[PDB]
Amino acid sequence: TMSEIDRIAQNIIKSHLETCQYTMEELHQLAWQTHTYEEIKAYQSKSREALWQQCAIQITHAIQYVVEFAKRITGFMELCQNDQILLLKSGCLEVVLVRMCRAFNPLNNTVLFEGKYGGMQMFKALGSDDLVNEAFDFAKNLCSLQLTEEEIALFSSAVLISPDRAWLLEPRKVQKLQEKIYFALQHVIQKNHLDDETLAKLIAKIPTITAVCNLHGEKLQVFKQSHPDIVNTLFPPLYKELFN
């Protein structure tokens, strides 16, 4: 039923419009404005614990918007609650990574962080250049496809609504919804790209997205080793719940 496909597509596009931490309007106003040398120096002067806390807050803020995104997708809320929780726990950060690309400047390799754009050197205190580098490499690569907001909306929803997540009780229902989303995305892409393989290129990035997010988990585990008190009493409660 084509009416169903269009209804699903329109619903996801609308949710995306209303639930990104940064609207296209706000990104347009920022126009790639970067942090000053003074601000960059301040970030570099922060202790590892202090900067990690700030990063956890920004990441949690973005994750909260992904939860709102999911709540407004009719098909997502039709899934059993157990699976809704599993999809969000396992994929919220992956959606944040896709969204981060909207707030990334591929010309100078900077990302929007705490209101302005900053390069990888702004995160020196994290002691995790590999995570920053992998995240930035993915963003630069996704930006090369010049995706429209509708395409990002649909692709991000497919990343979230993944039938392959471990422990799902009704994976087939997730699969059926994801198939409808990809069918819609395939058609939307026809309006903006000559390469009829764009969808294939996007689907091929799925493992990379997961790899970057798993690296985030790895870094957090080591940080927890050195600063367990910070994570349990200073990090945002949701961040602790999702990544313990």
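All residue numbers refer to positions in the sequence shown, first residue = 1.
(request) Take the C-alpha B-factors listed in the entry for 71-79 and for 121-129, compute each mean, and give the stretch with the larger one. (result) In the deposited entry, the stretch with the higher C-alpha B-factor mean is 121-129.
(message) Please compare 141-149 with 95-103 and name the stretch with the higher mean C-alpha B-factor in the deposited structure.
(response) It is 141-149 that shows the higher mean C-alpha B-factor.
(request) Between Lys180, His216, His61, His193, let me know which has the highest C-alpha B-factor in the entry? (result) By C-alpha B-factor in the record, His193 ranks first.
(message) According to the Cα B-factor stored in this entry, which of the following is highest: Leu202, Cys55, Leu30, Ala211?
(response) In the PDB entry, the greatest C-alpha B-factor among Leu202, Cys55, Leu30, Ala211 is found at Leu30.
(message) Ranking the modelled residues of this chain by C-alpha B-factor as given in the entry, is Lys224 in the lowest, middle or highest third?
(response) As the PDB entry reports it, the C-alpha B-factor of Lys224 lands in the highest third of its chain.
(message) Splitting the chain's C-alpha B-factors into thirds, which one does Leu234 fall into?
(response) Ranked within chain, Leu234 CA B lands in the highest tercile.
(request) Give the position of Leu17 by CA B-factor within its chain, expressed as the lowest, middle or highest third. (result) Middle third by C-alpha B-factor.
(message) Which third, lowest, middle or highest, does the C-alpha temperature factor of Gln10 belong to within its own chain?
(response) As the PDB entry reports it, the C-alpha B-factor of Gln10 lands in the middle third of its chain.
(message) Splitting the chain's C-alpha B-factors into thirds, which one does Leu185 fall into?
(response) Ranked within chain, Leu185 CA B lands in the lowest tercile.
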